[PDB]
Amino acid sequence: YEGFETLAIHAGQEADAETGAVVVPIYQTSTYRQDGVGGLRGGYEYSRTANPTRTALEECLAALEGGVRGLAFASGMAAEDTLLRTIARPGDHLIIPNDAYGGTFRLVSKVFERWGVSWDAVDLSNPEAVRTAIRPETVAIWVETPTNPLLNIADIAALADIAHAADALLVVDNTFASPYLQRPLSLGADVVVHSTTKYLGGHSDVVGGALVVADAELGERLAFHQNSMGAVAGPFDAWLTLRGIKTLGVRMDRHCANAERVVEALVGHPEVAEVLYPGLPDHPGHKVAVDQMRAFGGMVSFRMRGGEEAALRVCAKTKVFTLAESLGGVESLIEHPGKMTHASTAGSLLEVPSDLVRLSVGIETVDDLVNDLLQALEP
């Protein structure tokens, strides 16, 4: 019955057996001495196959999402690539979101399509659209919720029942919510994907990815690709991600509180046409978010009345929010998806409005963040 914040510090992380070291060592090693041929020590043989620091991260992530197996990768994108290489083959079909991380769209449309996988982008906020989009060849439904960058909401349990009726897998990219806010496996998801670059590492200082699964056999198929394709998290990056995880609860509590205050400053600001945040009662899918999320996240998007020109000006004018790609760090970030993170979706069903600004609201003192936005919004 251990609580989330306890598991984040302790799961996978018993003190070292030989020395008692209370923090997992950094096993910066490629290989391991065997006691006679095949006489493994502690089950280790070669670091791409398994590394003890990476094991601690994988076990911690599995505990936090309530899965049987975690797997850590060199980036979120590498987690996605290993997942799709494992579960798809030429001739298969994928349903993907109609609003998603540009890199997900690029991997599916520009690499996997060349390799014989078909796809359709669907409004995942409409179960009847997802049900209808199933094809005989569909192997998976790929869900982000909240979506990047509009923060639209998908009912994970509802979509799990649709996927499973079609003998398809439900994949949830839980990057934005993190395990602290949302636990897709508990609602029927088969696979959880993270970019640990974002909230799990939490400090804008590690690029990494992860998968967590409910089914041990699927976990073994994914681990075979983790080993054979080799897109693994290195031990030092894994160690920093695990260090970050230890404060996910306290960071996420502050991201959510600071984002609620930022939303209050944006709603009704005369320069702001629309505020996108799952916690607003009139946000599409608010009631689903209330069902499935502990709180509504640190991300806030909004549209400028004066269009792209006004949005580009706001993005250049902040002095506390930093203009950069990425999200989920302690530090506040701002960007223009149209020209930055989502320029890769221009011309597709996933194209983002040119008047949109995306915020990753950090854990700085909230009055500093509100004041910085208010001066940046002033024409």
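The numbering used is simple: start at 1 and walk along the sequence shown.
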| item | value |
| --- | --- |
| Comparing 322-330 with 349-357, the one whose average Cα B-factor in the PDB entry is higher | 349-357 |
| Between 227-235 and 125-133 (mean CA B-factor, as deposited), the higher | 125-133 |
| Out of 244, 268, 208, 103, residue topping the C-alpha B-factor column of the entry | 268 |
| Given 183, 286, 254, 85, the residue at which the Cα B factor reaches its maximum | 286 |
| Within-chain third of residue 273 by Cα B-factor, per the entry | highest |
| Residue 90 by Cα B-factor - lowest, middle or highest third of the modelled chain | middle |
| Position of residue 202 among the chain's modelled residues by C-alpha B-factor, lowest, middle or highest third | lowest |
| B-factor third for the C-alpha atom of residue 340 within its chain | highest |
| Among modelled residues of the same chain, the CA temperature factor third for residue 58 | lowest |
